[PDB]
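Only one structure is covered here, and it is reproduced in the block below.
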Amino acid sequence: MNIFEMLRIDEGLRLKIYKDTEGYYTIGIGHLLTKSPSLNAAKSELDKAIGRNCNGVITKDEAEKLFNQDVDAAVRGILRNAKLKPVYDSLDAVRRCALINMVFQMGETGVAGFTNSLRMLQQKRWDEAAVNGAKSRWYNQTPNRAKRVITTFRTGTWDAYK
Ligand SMILES: [Cl-]
Ligand SMILES: [Cl-]
């Protein structure tokens, strides 16, 4: 199990514009296109993003291309962030995947908002951080995916994904 396979389980794959769990226009493997209500704002961003006239539909290849970009951007974002980087550095390989997952889903700004949980991860208090992280909108909104990521942090294994 790796970060790609983990996120692919959590986000799914869709070759046609769709709405995310928050009502936002998305495509492929969790690639948010726009928070705007307009399907046209969405189709536009989509062509801008692929380099072609897509008319709201893309190929597997294109979805995977977008996915490679986003994981890379998530990882470079963590490494540039003064609040996230020390946390990442302190972690083992599995838990590092868990923080990448949160960052891909909720953006750097949103995870950086989990001040308390981050401090506990950093101090290696697994159980405490799992409990605190569950007290969030995130957990209340996508509970199954949140539980999966939270277990990854608690245990340091891929159990929740197998
Ligand atoms: Cl809460
Ligand atoms: Cl969920």
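List the pairs whose first member sits in the stretch 54-77 and is without any contact (Cβ under 8 Å) to a residue 40 or more places away in the chain, whose second member is in a helix (DSSP H, G or I) and of a type in the set (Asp, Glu), and whose Cβ atoms are under 6 Å apart, counting only residues at least 6 apart or on separate chains?
Partner pairs satisfying both residue conditions: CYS54/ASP47; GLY77/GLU108.
Do you know which residues across the stretch 116-134 are within 16 Å of ligand 1 (Cβ to nearest atom) and within 18 Å of the chain's Cα centre (by Cα)? It would help to see each step written out before you state the result.
From the stretch 116-134, those within 16 Å of ligand 1 (Cβ to nearest atom) are 116-117, 128-134; that's our starting set.
Passing the criteria: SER117, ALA130, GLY133, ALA134.
Can you give me the ranges of the helices (runs of 4 or more DSSP H) entirely in the stretch 71-162 with at least 3 residues that are more than 16 Å from ligand 2 (Cβ to nearest atom) and among the aliphatic types (A, V, I, L, M)? Outline the logic, then answer.
Working: elements: 85-90, 93-112, 115-122, 126-133, 137-141, 143-155.
Here the list reads 93-112, 115-122, 126-133.
Looking at the stretch 107-162, which of the residues that are among the β-branched types (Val, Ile, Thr) and exposed (fewer than 14 other Cβ atoms within 10 Å of the Cβ) is nearest to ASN81 (Cα to Cα)?
Filtering the stretch 107-162 for residues among the β-branched types (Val, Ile, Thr) gives 109, 111, 115, 131, 142, 149-152, 155, 157.
From what is left, the residues that are exposed (fewer than 14 other Cβ atoms within 10 Å of the Cβ) are 109, 115, 157.
On the way: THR109: 9, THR115: 13, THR157: 25 Å.
My answer is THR109.
None of the figures in this text is laboratory data; all of them are computed from the coordinates on show. Cβ sites come from the backbone with ideal geometry, for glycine too, and all protein chains shown count toward neighbours.
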